[PDB]
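Novice: Provided herewith is a single structure, encoded as structure tokens, for subsequent inquiry.
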Amino acid sequence: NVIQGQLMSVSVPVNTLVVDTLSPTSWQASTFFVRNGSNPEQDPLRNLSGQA
Amino acid sequence: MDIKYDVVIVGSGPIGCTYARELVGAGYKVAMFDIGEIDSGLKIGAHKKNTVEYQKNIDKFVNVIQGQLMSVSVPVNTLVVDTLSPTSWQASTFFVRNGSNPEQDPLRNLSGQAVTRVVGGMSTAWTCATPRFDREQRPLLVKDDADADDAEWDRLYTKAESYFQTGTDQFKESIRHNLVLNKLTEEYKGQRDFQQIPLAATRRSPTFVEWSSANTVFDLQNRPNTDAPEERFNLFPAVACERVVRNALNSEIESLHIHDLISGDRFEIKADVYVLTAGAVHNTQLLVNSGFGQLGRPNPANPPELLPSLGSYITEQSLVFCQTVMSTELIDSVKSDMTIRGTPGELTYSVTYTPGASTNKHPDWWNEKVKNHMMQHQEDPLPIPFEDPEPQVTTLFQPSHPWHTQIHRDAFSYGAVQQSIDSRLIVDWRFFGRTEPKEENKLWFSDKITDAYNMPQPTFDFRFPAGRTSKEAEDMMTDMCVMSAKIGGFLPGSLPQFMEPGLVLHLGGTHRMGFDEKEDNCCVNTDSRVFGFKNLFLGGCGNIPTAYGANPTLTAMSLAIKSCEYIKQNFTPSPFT
Amino acid sequence: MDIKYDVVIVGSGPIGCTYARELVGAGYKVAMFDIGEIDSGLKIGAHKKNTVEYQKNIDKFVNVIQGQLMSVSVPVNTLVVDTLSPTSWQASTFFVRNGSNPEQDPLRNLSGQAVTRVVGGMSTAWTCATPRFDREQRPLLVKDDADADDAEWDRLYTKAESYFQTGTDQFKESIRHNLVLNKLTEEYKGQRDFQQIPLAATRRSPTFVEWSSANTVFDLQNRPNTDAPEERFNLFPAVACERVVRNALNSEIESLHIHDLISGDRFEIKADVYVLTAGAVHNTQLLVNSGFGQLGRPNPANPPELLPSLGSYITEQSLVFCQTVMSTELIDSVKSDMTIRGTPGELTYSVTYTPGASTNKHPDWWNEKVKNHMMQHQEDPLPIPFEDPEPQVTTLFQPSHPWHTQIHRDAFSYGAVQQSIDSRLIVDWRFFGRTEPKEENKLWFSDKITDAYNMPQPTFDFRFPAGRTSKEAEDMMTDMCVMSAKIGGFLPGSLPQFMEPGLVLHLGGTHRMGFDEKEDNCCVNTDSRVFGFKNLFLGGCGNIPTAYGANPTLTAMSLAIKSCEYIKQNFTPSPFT
Amino acid sequence: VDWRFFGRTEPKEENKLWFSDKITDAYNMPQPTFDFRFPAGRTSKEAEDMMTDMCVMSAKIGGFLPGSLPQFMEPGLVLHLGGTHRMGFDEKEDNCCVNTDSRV
Ligand SMILES: Cc1cc2nc3c(=O)[nH]c(=O)nc-3n(C[C@H](O)[C@H](O)[C@H](O)COP(=O)(O)OP(=O)(O)OC[C@H]3O[C@@H](n4cnc5c(N)ncnc54)[C@H](O)[C@@H]3O)c2cc1C
Ligand SMILES: Cc1cc2nc3c(=O)[nH]c(=O)nc-3n(C[C@H](O)[C@H](O)[C@H](O)COP(=O)(O)OP(=O)(O)OC[C@H]3O[C@@H](n4cnc5c(N)ncnc54)[C@H](O)[C@@H]3O)c2cc1C
């Protein structure tokens, strides 16, 4: 927990995971937009995802 | 295998079997084709749950369901696997892999939508719930005459219920059923009515229910046969029906193009009457492959010549789900009439009740079951008998609670931790919302991508409409949370949730019915006849044009029965020589 | 429903069907009972994988397997659920719930052991791998004459291979098959031999394999019939066989007690010859229920009168598994003979090769498939055709590598992250260990607890023996890790692992064969006749007394053939009337 | 017992850490971006050989613990990143940033 608490990921690609069980009332995206500190420059397939 | 029949029916689900029952019975020479194969035992197209092994182990039945359901449209997968060995081959892109549909926007899908290809269709695995629609959910069959419309629906529903062997009595002596039914009846006294879910089923013994299916409607045996020597029927499994051939005037179908998947032979089959009952998705595909509507990505700057409403106004229900673990209060209430002397397991443990007494909260049949269970199974901490059938409760859709409800048990794959909980305690909650038909909600077919049978790939463009549909959906979730709390708290791992869109498999509206093609934005009339065409009929839930919450099959069947009336009035059977 | 037959067979799996084929063919009046039902389509007891739907979507077949397998012994569940609502009924103990077996020590189980109750038995779902056993795995049929023993096994295996339609050529032109086969051949040149897994299967087209089953062995149609007017066979599904009735001398069976699960009636069936082919677990259960061996927890202070070795010396194979993702080097090797010019998706793109060139690493049939795939699908990054069949590779058990291997694909439920990986890249690895027979490893039956058919509840007392069995199992894991690395790295989510004990379903030795009851600690002789009884025979994997790694069914069938030879020489068919 | 085997990675010009001229990180600095794959050839072959070596060596001590089966870890979780401002004798000839006194 100490290790995890301090390590901050260097580059997180844009997330493309589909959540399709939201309630119909909830605000939902039409695109996988740049969200939550993600790096749109980052090719998810050419990353060091574990770098922190 | 002739290639000339009076009537050809595509699909051997319950709706195809309705046409078969009516038209075989009326003396037509009928052929039925199904792309799937016979796999329910000696009873062709029968319910797969009607084996002794599945009646002993219901939850294993989820595997049957899963095994037959094939996802309609799976978007290209973009999940990152970045812990492959460096030696393993990897693509540099998320390429079209594994049958995925690159046309599909993953965020406007009915990802849970699936199809079954087997003789008997989805009715070899369905849950058998067959409620009628009230007016609010129901398409009109009679204009400007509400009482005539009512009367017509009643006649058709009553017949449909007879074909399906629908009843509301098969669970009447279940302790769990009555516990839940009685409690909710009391809680909503003067506010909502509860009853048994109407089920297409016949109980055969205290531990066996014969669930209905396509077989119940029509046994699917070739005719003539000893029991039906004057009837004429052939079923041809493993035959892919690919297209209907239109005449140049677009007034009649001239033939049905088929591909025998076993022999590989192709034929053109001629009939007087062509009936498409391949399901809401595949009827649509067949029609598009035949030059109805439009192939490819919808382009409103080029509307198609035939059936411009085909594949628009699609509806699928919102589904919320949870399970509950029965309250202590309710479990204790089961044994309320019991006098318990001694400690269980020891010498003079006794459990007694007075038959027929007036302070008894429960009927004798109930207390006798409870007594014998508590006495013969002193190691067991619950008062519910081990073989007590499950609850099957509903409060049907009403304007003040515009969703269908099922408070019951069906096949479920419990996690190991959930299997920690005694099954007698668990109740499933499924509430089903109605979805407004909107033109923008579409099922379309790729002009480049093809499916597993080399047909144009189905693609959804779907979102639950804003406004009433979405507000009701959320109100329905809250209702489930409120109502279920009267019975018990949520089972961990089965917390209240919306199901993946389309997992419900109540898709409607893909080839929708109405009085007038243009005014009502529709594809078939009230005889289920394709506008403009003398001799082409569509059957199934794709016909239903309304926003409905209740399970649609009985309604589709009723429409089919009306369609068959038109056929019997307009086409003459060939003489049986 | 005569009450008198020449031969009665309990079970309609492939072993029961071996007896049927032999004895029906030899003119015996045969009845066969199965507790399960007919549900493989028109071909009774056929392989469920032989539908066009499953040939197109093989991974969905996992559901068929799971849906029919019922766990043999499930220990009491001690998982803590502590997030229930305070209103929900909560246990104070881990009581006997949900069909769990309180006799079962959770730490000495075969938790993966399961049984199938359907017409055709497990052969409706099996993987069809039918290797022969080499001497080291194989029980003796001839003592003190290895050559005679070899010849007898050869004769028997050859017939069994004919009954199953075993072959080694159904995947001969698969690219993936040969890619793997060739690499492993080269990597182990002079050390190990590789070949196609011998499979009970007939290829019908490039995309259809008709997998063998019980139906292949005997079609299970009642006889006499048009094709077999002089034969006499009746199959009676949904009939629980409960007991064989011993005479007081314990020298003869006098009848078979059955329970019709549909009518609910019990009957006694008389036959000259009684054959128990109910599976390794249920043959044992039937015998124990009939007074053979010992009911209840074994007590060495109180050995049973009849068949003291029954249910002891049980064997089940260790199984290790992983999947791999094909190496870049191997994938690139697929197209080694190609000249690639231009760039994909353009006019200029050219993929060509020279048929017959001596420098080619691959045959023309391979290069043609590669060239067409690459030219016709320029958007696809892989050189393997979409419809290329799977690998089916083995190196068979040898003293220096005392495990069976399967390097192949079979139905698998890939997680969504794993579905990210193109299926063409994936190979399954399954290595099967041999287990020493030890008297302490037991299948026994409760005197108190009953199963779903009201029969004594099976209970395992099992651990993999120390010594050779354990050393070899770990050595086998390592060999899998080493060998698989030559093909590609592990697929995340399918990392090298031991499978749950018994999931393999290769249980043997529960009613084991030997020359002498006492000396060889056994229950049947080499004719599969129960010691002391004139007219009682056991068939199946329970007969096999050795430590074996290879798939056992072919060996069990071979023994059944030999058993039938004895039956044919010692009992006379009734005259056909 | 935990088993961790660490491979060596060939330095290749194409494997880069670069910084966005538009996106910024939590401290308003140019956002780091990786363009990295394990080099083909020696690096990759050795990585796989290393996996096999772990499988072989670990079995001498005991079998794998379920849930901690042999696996590659997520790239960079190791945090042994090197060569981003690398040392050499000659800036041009050795493709480097600091000399052997670590002087730029
Ligand atoms: C698990 C489950 C639970 C359900 N529960 C309920 C419930 O409780 N109540 C309810 O009302 N509904 C329920 N349903 C839905 C119900 O099963 C369907 O509404 C109903 O079966 C539709 O009937 P159908 O005859 O129109 O189509 P289907 O049953 O889908 O049959 C159509 C058939 O046409 C075939 N076919 C498709 N394409 C072609 C082609 N090109 N050529 C030839 N044949 C083709 C198929 O192989 C198939 O057998 C459930 C379904 C599932 C699977
Ligand atoms: C997924 C799967 C993969 C497999 N792969 C392979 C393979 O690759 N190679 C191989 O060699 N083996 C494999 N097997 C094992 C193989 O299927 C069995 O060894 C074989 O089917 C055993 O044949 P049997 O006739 O003795 O028994 P079973 O096939 O088990 O048939 C026994 C039958 O008797 C019945 N029965 C049970 N109790 C009673 C009773 N009291 N009364 C009446 N009937 C009764 C059953 O309902 C059943 O049909 C696999 C099995 C499965 C499930």
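Here's how to read the names in the structure tokens: chain A, B, ... by the order shown, residue numbers from 1 in each chain, ligand numbers from 1 in the order shown.
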Taking only C-alpha atoms and all ligand atoms into account, which residues have an atom no farther than 6 Å from ligand 2? I'd like them as a ChimeraX atom specification.
Specialist: /C:10-16,33-36,65,116-123,125-130,239-242,277-279,282,505-506,540-541,551-554
Novice: What would the file look like if the residues just selected were written as a tab-separated table (two decimals), in the first residue's frame with C-alpha atoms?
Specialist:
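Below you can see result_36.tsv, which holds the result:
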chain	number	residue	atom	x	y	z
C	10	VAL	CA	-27.20	-50.25	-18.03
C	11	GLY	CA	-25.95	-47.08	-19.75
C	12	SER	CA	-25.93	-45.89	-23.35
C	13	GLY	CA	-22.49	-44.32	-23.42
C	14	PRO	CA	-19.87	-45.58	-25.84
C	15	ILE	CA	-19.08	-48.57	-23.72
C	16	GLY	CA	-22.69	-49.69	-23.35
C	33	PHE	CA	-31.58	-48.51	-20.06
C	34	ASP	CA	-30.32	-45.02	-19.46
C	35	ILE	CA	-31.27	-42.74	-16.66
C	36	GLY	CA	-30.89	-39.78	-19.08
C	65	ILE	CA	-20.28	-29.50	-21.65
C	116	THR	CA	-23.39	-36.88	-17.39
C	117	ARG	CA	-26.89	-38.31	-17.60
C	118	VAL	CA	-28.00	-38.22	-21.22
C	119	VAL	CA	-28.40	-40.82	-23.96
C	120	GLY	CA	-24.91	-41.35	-25.38
C	121	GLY	CA	-23.31	-40.45	-22.06
C	122	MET	CA	-20.20	-38.29	-22.09
C	123	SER	CA	-19.62	-39.19	-25.76
C	125	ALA	CA	-19.60	-33.96	-25.56
C	126	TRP	CA	-16.17	-35.57	-25.46
C	127	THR	CA	-13.04	-34.39	-27.22
C	128	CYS	CA	-12.66	-37.61	-29.26
C	129	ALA	CA	-8.97	-38.25	-28.51
C	130	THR	CA	-8.41	-42.02	-28.76
C	239	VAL	CA	-35.02	-45.26	-16.47
C	240	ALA	CA	-32.94	-45.21	-13.28
C	241	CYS	CA	-31.31	-48.65	-12.77
C	242	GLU	CA	-31.16	-49.04	-9.04
C	277	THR	CA	-21.84	-49.57	-18.26
C	278	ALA	CA	-23.02	-46.64	-16.15
C	279	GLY	CA	-19.67	-44.91	-15.83
C	282	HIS	CA	-22.28	-44.94	-11.16
C	505	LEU	CA	-12.90	-37.00	-16.19
C	506	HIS	CA	-10.44	-39.85	-16.71
C	540	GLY	CA	-15.80	-48.85	-18.70
C	541	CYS	CA	-12.83	-46.94	-17.42
C	551	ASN	CA	-7.25	-40.88	-22.73
C	552	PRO	CA	-8.85	-44.13	-21.49
C	553	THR	CA	-12.04	-44.69	-23.60
C	554	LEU	CA	-10.45	-46.61	-26.45
Novice: Quick one: residues within 10 Å of residue D:17, only C-alpha atoms counted, chain neighbours fewer than 4 positions away excluded, as a PDB file with N, CA and C atoms, in the first residue's frame?
Specialist:
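Resulting contents of out-v1.pdb:
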ATOM      1  N   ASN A  47       3.422   1.485 -25.127  1.00  0.00           N
ATOM      2  CA  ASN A  47       3.593   2.131 -23.832  1.00  0.00           C
ATOM      3  C   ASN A  47       4.469   1.351 -22.898  1.00  0.00           C
ATOM      4  N   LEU A  48       4.902   2.014 -21.832  1.00  0.00           N
ATOM      5  CA  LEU A  48       5.370   1.344 -20.636  1.00  0.00           C
ATOM      6  C   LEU A  48       4.303   1.632 -19.638  1.00  0.00           C
TER       7      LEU A  48
ATOM      8  N   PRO D  32       4.700  13.456 -20.359  1.00  0.00           N
ATOM      9  CA  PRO D  32       5.564  12.361 -20.904  1.00  0.00           C
ATOM     10  C   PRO D  32       4.749  11.360 -21.693  1.00  0.00           C
ATOM     11  N   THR D  33       5.347  10.867 -22.774  1.00  0.00           N
ATOM     12  CA  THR D  33       4.721   9.916 -23.673  1.00  0.00           C
ATOM     13  C   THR D  33       5.784   8.927 -24.055  1.00  0.00           C
ATOM     14  N   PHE D  34       5.438   7.650 -24.023  1.00  0.00           N
ATOM     15  CA  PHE D  34       6.388   6.586 -24.390  1.00  0.00           C
ATOM     16  C   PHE D  34       6.086   6.108 -25.809  1.00  0.00           C
ATOM     17  N   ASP D  35       7.131   5.711 -26.525  1.00  0.00           N
ATOM     18  CA  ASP D  35       6.987   4.958 -27.735  1.00  0.00           C
ATOM     19  C   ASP D  35       7.969   3.830 -27.595  1.00  0.00           C
ATOM     20  N   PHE D  36       7.457   2.711 -27.115  1.00  0.00           N
ATOM     21  CA  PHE D  36       8.335   1.636 -26.667  1.00  0.00           C
ATOM     22  C   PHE D  36       7.766   0.284 -27.067  1.00  0.00           C
ATOM     23  N   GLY D  83      18.723   4.816 -19.721  1.00  0.00           N
ATOM     24  CA  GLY D  83      19.082   5.340 -21.039  1.00  0.00           C
ATOM     25  C   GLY D  83      18.369   6.558 -21.544  1.00  0.00           C
ATOM     26  N   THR D  84      17.533   7.208 -20.735  1.00  0.00           N
ATOM     27  CA  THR D  84      16.837   8.405 -21.186  1.00  0.00           C
ATOM     28  C   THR D  84      17.755   9.629 -21.378  1.00  0.00           C
TER      29      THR D  84
END
Novice: Do a neighbour search on residue B:433 at 8 Å with only C-alpha atoms, toss out local chain neighbours closer than 6 positions, and write the hits as a ChimeraX atom specification.
Specialist: /B:317-319,402-404,469,472-473,476,548-549
Novice: Mind dumping the selected residues with C-alpha atoms as a CSV table (one decimal), in the first residue's frame?
Specialist:
chain,number,residue,atom,x,y,z
B,317,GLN,CA,-36.8,-3.0,-23.1
B,318,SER,CA,-34.8,-1.7,-20.3
B,319,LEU,CA,-34.2,-4.5,-17.7
B,402,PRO,CA,-45.4,1.2,-16.3
B,403,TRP,CA,-43.2,-1.9,-16.2
B,404,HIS,CA,-43.6,-5.6,-16.2
B,469,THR,CA,-38.4,6.0,-21.6
B,472,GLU,CA,-39.4,5.4,-16.5
B,473,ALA,CA,-36.4,3.2,-16.6
B,476,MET,CA,-38.5,1.3,-12.4
B,548,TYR,CA,-44.2,-2.4,-24.3
B,549,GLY,CA,-42.8,-3.8,-21.0
Novice: May I have the residues within 10 Å of residue C:254 as a VMD selection string, using only C-alpha atoms and disregarding those fewer than 3 positions away in the same chain?
Specialist: chain C and resid 244 to 247 251 257 268 to 274 535 to 536
Novice: Could you pull out the residues in stretch 16-104 of chain D that DSSP calls strand (DSSP E) from the backbone, as a list in words?
Specialist: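 Matching residues, listed in order: residues 16, 17, 18, 19, 20, 21, 22, 23, 24, 30, 31, 32, 33, 34 and 35 of chain D.
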Novice: Give me, as a tab-separated table, the closest atom pair and its distance (Å, one decimal) for every residue of chain B within a cut-off of 9 Å of chain D, counting only C-alpha atoms, rows sorted by chain and rising number.
Specialist:
residue	atom	partner	partner_atom	distance
B:82	CA	D:74	CA	6.2
B:83	CA	D:72	CA	5.3
B:84	CA	D:72	CA	6.7
B:85	CA	D:48	CA	6.4
B:86	CA	D:44	CA	4.9
B:87	CA	D:44	CA	5.5
Novice: Can you tell me how far atom CA of residue B:291 sits from atom CA of residue B:253, in Å to one decimal?
Specialist: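 Between atom CA of residue B:291 and atom CA of residue B:253 the gap is 11.7 Å.
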Novice: As a ChimeraX atom specification, could you give me every residue of chain B near chain C (at most 7 Å apart, counting only C-alpha atoms)?
Specialist: /B:37-42,51,56,60-61,63-64,66-67,77-79,81,83-85,87-89,97-98,325-328,417,420,422-423,452,488-492
Novice: Name the residues of chain D that fall into alpha helix (DSSP H) according to DSSP on the backbone, using the chain letters and numbers of this document, as a PyMOL selection string.
Specialist: chain D and resi 42-58
Novice: Got a sec: who's within 12 Å of residue A:38, counting only C-alpha atoms, leaving out chain neighbours fewer than 6 positions off, as a PyMOL selection string?
Specialist: (chain A and resi 9-16+32+44+49) or (chain D and resi 23-26+31-33)
Novice: Considering only C-alpha atoms, give me a table of residues in chain A that are at most 8 Å from chain B, with the closest atom pair and distance in Å for each, as a Markdown table.
Specialist:
| residue | atom | partner | partner_atom | distance |
| --- | --- | --- | --- | --- |
| A:16 | CA | B:78 | CA | 6.7 |
| A:17 | CA | B:79 | CA | 7.3 |
| A:18 | CA | B:107 | CA | 7.1 |
| A:20 | CA | B:500 | CA | 6.1 |
| A:21 | CA | B:498 | CA | 5.3 |
| A:22 | CA | B:498 | CA | 6.8 |
| A:23 | CA | B:498 | CA | 6.5 |
| A:24 | CA | B:470 | CA | 4.9 |
| A:25 | CA | B:470 | CA | 5.4 |
| A:29 | CA | B:107 | CA | 7.9 |
| A:30 | CA | B:107 | CA | 6.6 |
| A:31 | CA | B:107 | CA | 7.8 |
| A:44 | CA | B:80 | CA | 7.1 |
| A:45 | CA | B:92 | CA | 6.8 |
Novice: Name the closest residue to residue C:171 among the candidates C:390, C:440, C:461, C:410; distances are taken between atoms, counting only C-alpha atoms.
Specialist: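 Closest to residue C:171, using only C-alpha atoms: C:390.
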Novice: Write out as a list in words which residues come within 10 Å of residue C:530 when counting only C-alpha atoms, dropping same-chain ones fewer than 4 positions away.
Specialist: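 Neighbouring residues, sequence-local ones excluded: residues 251, 252, 307, 511, 512, 513, 517, 522, 523, 524, 525, 526, 534, 535, 536, 537 and 538 of chain C.
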Novice: If you count only C-alpha atoms, which residues fall within 12 Å of residue D:64, apart from same-chain ones fewer than 3 positions away, as a list in words?
Specialist: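 Contacts, in chain order: residues 320, 474, 477, 478, 481, 495, 496, 497 and 498 of chain C; 1, 2, 3, 54, 55, 56, 57, 58, 59, 60, 61, 67, 68, 69, 70 and 71 of chain D.
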Novice: Restricting the output to C-alpha atoms, write the selected residues as a short mmCIF file (atom, residue, chain, number, x, y, z; two decimals), in the first residue's frame.
Specialist:
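So selection.cif came out as:
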data_model
loop_
_atom_site.label_atom_id
_atom_site.label_comp_id
_atom_site.auth_asym_id
_atom_site.auth_seq_id
_atom_site.Cartn_x
_atom_site.Cartn_y
_atom_site.Cartn_z
CA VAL C 320 -1.76 -29.25 -16.46
CA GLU C 474 5.55 -31.65 -11.44
CA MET C 477 4.29 -29.12 -15.60
CA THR C 478 7.85 -28.22 -16.32
CA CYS C 481 6.44 -24.87 -19.80
CA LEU C 495 -1.06 -19.35 -17.51
CA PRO C 496 0.41 -22.73 -16.73
CA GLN C 497 -1.67 -24.42 -14.02
CA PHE C 498 -2.90 -27.67 -12.58
CA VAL D 1 8.63 -17.97 -2.23
CA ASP D 2 8.55 -15.09 -4.80
CA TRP D 3 10.43 -15.54 -8.06
CA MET D 54 12.05 -19.45 -14.02
CA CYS D 55 9.62 -22.28 -14.72
CA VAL D 56 12.43 -24.82 -14.62
CA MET D 57 14.28 -23.44 -11.59
CA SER D 58 11.20 -22.75 -9.48
CA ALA D 59 9.99 -26.35 -9.83
CA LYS D 60 13.06 -27.47 -7.90
CA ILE D 61 11.61 -25.66 -4.81
CA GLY D 67 -3.14 -16.96 -8.52
CA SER D 68 0.58 -16.22 -8.87
CA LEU D 69 1.28 -18.29 -11.94
CA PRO D 70 4.27 -17.58 -14.19
CA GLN D 71 3.69 -14.31 -16.02
#
Novice: Quote the spacing between atom CA of residue B:398 and atom 27 (O, counted along the ligand's line) of ligand 1 in Å to one decimal place.
Specialist: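 Rounded to one decimal, the two atoms are 26.9 Å apart.
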